[PDB]
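Protein chains in written order, with the deposited numbering: chain Q, 2 to 152; chain B, 4 to 199; chain C, 7 to 63; chain D, 2 to 90; chain W, 5 to 65; chain N, 2 to 49; chain I, 2 to 130; chain F, 2 to 230.
Beta carbons are placed, not taken as given, at the ideal position from N, Cα and C, and that holds for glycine.
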RNA sequence: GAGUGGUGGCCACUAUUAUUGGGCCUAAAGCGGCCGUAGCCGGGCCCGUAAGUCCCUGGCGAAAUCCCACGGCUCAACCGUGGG
RNA sequence: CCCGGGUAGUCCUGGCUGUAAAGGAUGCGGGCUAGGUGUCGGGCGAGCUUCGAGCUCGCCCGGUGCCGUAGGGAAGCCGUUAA
Ligand SMILES: [Mg+2]
Ligand SMILES: [Mg+2]
Ligand SMILES: [Mg+2]
Ligand SMILES: [Mg+2]
Ligand SMILES: [Mg+2]
Ligand SMILES: [Mg+2]
Ligand SMILES: [Mg+2]
Ligand SMILES: [Mg+2]
Ligand SMILES: [Mg+2]
Ligand SMILES: [Mg+2]
Ligand SMILES: [Mg+2]
Ligand SMILES: [Mg+2]
Ligand SMILES: [Mg+2]
Ligand SMILES: [Mg+2]
Ligand SMILES: [Mg+2]
Ligand SMILES: [Mg+2]
Ligand SMILES: [Mg+2]
Ligand SMILES: [Mg+2]
Ligand SMILES: [Mg+2]
Ligand SMILES: [Mg+2]
Ligand SMILES: [Mg+2]
Ligand SMILES: [Zn+2]
Ligand SMILES: [Zn+2]
Ligand SMILES: [Zn+2]
Ligand SMILES: [Zn+2]
């Protein structure tokens, strides 16, 4: 169920099981990496790049090709961006949540009696702290990194 | 190929179901119209009528019981009993007819034919208790619980019930050898149905 | 000798002493005996003749 | 702790006044001319202990169990309570 | 039967009305799909399936 | 109420504490261990 | 959340057999579930079964024959020694050789009868009778 | 068995059956007790049991489990009714339990004995104890359970010569079924005798619901109905 | 039955303390609601380790007390020699 | 208790108090176990249409009611919105 509201929604994607790219897909790996870099330089999120590649170029996910460098793993958008030095410095989901929290806090400075929206800020900051615990455990954040709204 | 042409089946309204449906009746359902009414497959009806004719011809004739509470079915069951020699009970079925030996008309059959499980619920309940095979006519709205041999048909219409019982009686006569051919059975369908 | 306990044709379980079971000859061929236990009759389980292969209630 | 205390060799009935048991025991007392109930109870206990050893030895396995199993049979036939070809059952 | 998950969406081979370019696009987009050559609109997004403005040539596996 | 807890293999301490906590709800146990009858008996524990 | 794939599978099988189902699908598969199913098949409690591949952890399709009175996981997974099986039999089984306890040993997954013959202990994980 | 054979002969020749199964018994098409079970027959004439199992009419094969007097209130005082719970059996493999009502005790006793016959069942017996594996039908072949109202009953196989480790109502019922040894465990209000007896009767009936293999029949010495030496 | 009654205590009765094995809509009993720290409980596959866990074998856990067979007091209680 | 009047309070701004038959008298997460029939949101298919963000029928997912099978319960009753 949903982490806080306890609803049981089921909508999502239904990926067929397959190994190789389909016969009708003509793009090679080099073209796909070039497209990913171009789209990232245009200023899109990692989720947005995959959406554009699926919708406009007929590319079902880049996780259908093996990594040309490491045969032990398949390709992902973040791995491709890492291979060129354009990977995000902060993980994207944490960044989007922090951005949502900054906008909400200045709303609350002008609306001190809006209590229902304040509980939303509390839930968002709970999500942020869960994620920071996980990322410090994995080493994707420095041990001294701290989240402070006054920053 | 068929006991009667499909044109007669359609004109009698055998295939016309009801606005309700049941999961266990879907093996017999053919399609649904745009007004939400479910339609029955008529080839299944013909096959089941042939099988039922073979099944019922092996029992001793006076051990067959046919019942019908519904008014449009009362004349067909009486005519069926008159033609084949089976017992027939039209109208209200007296509770305890099969379970209470002290009653004057106590009767234990070997097989029972049910016109409609919904309307004839008392007879079916008493038949479950004594462990005999149950044969029933089923529409799109009925359940198949405790039915041992099912015949899919419209079981509410006057002409359809007349036709079904006429065909069943002829099949029994042909299977037990009392008529040497199908053509010999010169009894019109119109004598099985209620008038006016 | 002893006697054999009848077994349901659909599921293969033994018939208990006082349950509401039934048995009858095959409607299609008449060469075999079909047994149905109370649970299979209640849930309208299908059955298949072991000789001619005709199936279903 | 506590030092050893010598314990009774017989067991008493769980309820003093049950009609069927009273009738059965009265028949035995009359037939064998025993002096009191405890004497009878003594013999009952002996029987129980024998059975309790057989019940435990049936569900046992190993090397000491076999020695005990044959010792029980040997003692029972020495007292004359079983024939020479009896088994544990 | 339906043990394995199978999508209801499809990839389509379409031909632009104006430019004449051919492309492969997704049937349920979440963005406006435009021609890779001239920039004209090919599919408009909705709540579910998209509204196709191009000529459909084949439905791909 | 869901399944009785804790059932885990490594939850011995909590299970023991739960049993100890609710044993004080038994008036027989509480009177004996706290020696309440001795505190108020005019016969001072004697049979006569 | 999901905690125990093996418990779900056995509770699912016992629910299905009580209403006369002829087959079931065990949705999150794993190797341990496969070994338990092999042991169950060896003693005749189930029919044929097969692994089906999704892109996920896999599915098992199992044929039922109406030969199971009851089946369930054992939690926690108690350790047991090679000469201590009787008290667990009296805990979980209805008569002296009725049914099987399923045991995980450092020689693999097996019934408690085979393990007792080999002279080894292990961890109890399931019962079927 | 010389007395009850001629009793059965006497009952048979002066009896006019009112039911189909009674007719099958009257005409010699059914000659054994085991042939009336496991086919869905309705049993409505007590003479059927009298012919096929004549020894349920002996005094040693009948037990009056209890007698209660109940009251209905009216503007002209209290109307009194008797309720009798009774059981019968053949001490081999067949047992029945019934309830009767009446204005006087004797009427209720007659009706209760009559309804016990009509509720007859056949059971399974054997030996399943870890500390007695003798393949003789002196106990239950495996653990079983039954319930009624607030009462739950569990029956456990026991060693030969143990006796019946159960309350008195259960003792009487199990003795009438031909069982000599058992262990038991109970929950609920056992002082409600009607429910206690029904729970034990249900537990005995439930020996037919356990699935078993041909190998098991040899191992536990399972016998259905009469032991039949 | 040379004993048999009274009073007080512990165990059983009692699944009225519940690991085995209890309850919480209406009978005693779900915090007015929610967020989260420690603790407990945690999805699938491959490789390594061997702490938990299982098997074998060395050194220990006095005697008395307990169970079994045999032997000595007339038998026994008791006492000795061996096995556990 | 009924009728004619009437202070606090009921309303706004800034604080404190933390209580109700605050009751679904039913703690929360996960898997599984017949059906039938209304209604709200989204999506898909078909047919109408005054071309309307319109109407009718069927199916999937998520909410919200009722009748009810197995099972449960001292019973009242609960029964895939489980007790
Ligand atoms: Mg000291
Ligand atoms: Mg009056
Ligand atoms: Mg009840
Ligand atoms: Mg009580
Ligand atoms: Mg209680
Ligand atoms: Mg609450
Ligand atoms: Mg929390
Ligand atoms: Mg795991
Ligand atoms: Mg080690
Ligand atoms: Mg010592
Ligand atoms: Mg001497
Ligand atoms: Mg001596
Ligand atoms: Mg000594
Ligand atoms: Mg006023
Ligand atoms: Mg309120
Ligand atoms: Mg309310
Ligand atoms: Mg409350
Ligand atoms: Mg809608
Ligand atoms: Mg809502
Ligand atoms: Mg719903
Ligand atoms: Mg309901
Ligand atoms: Zn069946
Ligand atoms: Zn056939
Ligand atoms: Zn173009
Ligand atoms: Zn035995």
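By the Cβ rule, the segment 66 to 77 of chain I counts as touching the segment 11 to 20 of chain I, because three or more pairs are nearer than 8 Å. Taking 8 Å as the CB threshold, residue 31(B) stays off the interface with chain C. With contacts defined by Cβ atoms closer than 8 Å, residue 96(B) and residue 65(B) do not form a contacting pair. Looking at the DSSP output, residue 63(F) sits in a beta bridge with 89(F). Taking the Cα positions, residue 30(Q) is about 50 Å away from residue 75(I). Residues 164, 165, 168, 195 of the same chain have their beta carbon placed closer than 6 Å to that of residue 79(B), with the five preceding and five following residues left out of the count. Annotation: the continuous beta strand (DSSP E) that includes residue 91(B) extends over 90 to 93. Per DSSP, reduced to three states, the secondary structure at residue 155(B) is strand. The residue among 66(D), 61(D), 8(D), 12(D) with its C-alpha nearest the C-alpha of residue 46(D) is 12(D). Contact annotation: in the segment 51 to 79 of chain I, residues whose CB is within less than 9 Å of a CB in chain F are 67, 68, 69, 70. Beta-bridge analysis with DSSP links residue 13(F) to no other residue. Residue 16(B) has its alpha-carbon roughly 15 Å from the corresponding atom of residue 36(B). With respect to chain I, the C-beta atom of residue 9(N) has a partner C-beta closer than 8 Å. Nearest to residue 38(C) by alpha-carbon distance, out of 44(C), 17(C), 53(C), is 53(C). Residues of chain Q whose Cβ lies closer than 7 Å to the Cβ of residue 37(W) are, in chain order, 56, 57.
At a beta-carbon threshold of 8 Å, none of the residues of chain Q lie near residue 48(W); the nearest stands roughly 12 Å away.
Residue 71(F) sits away from residue 92(F), with the two beta carbons spaced by 8 Å or more. Taking 8 Å as the threshold, the shortest C-beta distance from residue 34(W) to chain Q falls below it. In terms of side-chain proximity, the C-beta atom of residue 43(C) is found nearer than 7 Å to a non-hydrogen atom of ligand 22. With at least 16 other beta carbons inside 10 angstroms of its own, residue 113(I) counts as buried. If you check the C-beta of residue 76(F) against ligand 2, you find a heavy atom less than 7 Å away.
The shortest C-alpha to C-alpha distance from residue 99(I) to any of 34(I), 125(I), 129(I) is the one to 129(I). Nearest Cα to residue 41(W) within the set 21(W), 33(W), 14(W), 5(W): 21(W).
Under the Cβ criterion of 8 Å, residue 9(W) is counted among the residues facing chain I.
When Cβ-Cβ separations below 8 Å define contact, residue 42(C) makes contact with chain B. Distance check between residue 128(F) and each of 120(F), 122(F), 141(F) places 141(F) closest, using alpha-carbon atoms only. At least one heavy atom of ligand 23 lies less than 7 Å from the C-beta of residue 37(C). For residue 11(Q), the nearest beta carbon of chain W is not closer than 8 Å to its own beta carbon. Under the 8 Å Cβ criterion, the segment 139 to 153 of chain F counts as touching the segment 186 to 201 of chain F, having at least three qualifying pairs. C-alpha of residue 55(B) to C-alpha of residue 146(B): approximately 19 Å in a straight line. Within the same chain, and ignoring the five residues on either side of residue 121(Q) in sequence, the residues whose Cβ sits closer than 8 Å to its Cβ are 105.
Between residue 40(Q) and residue 24(Q), the beta carbon gap of about 25 Å keeps them out of contact (Cβ cut-off 8 Å). No Cβ-Cβ contact shorter than 8 Å links residue 86(F) with residue 59(F). Here residue 176(B) is buried, its C-beta having at least 16 other C-beta atoms within 10 Å.
By the neighbour-count criterion, in which a residue is buried when 16 or more other Cβ atoms sit within 10 angstroms of its Cβ, residue 28(B) is buried.
For residue 135(F), at least one C-beta of chain D is nearer than 8 Å to its own C-beta.
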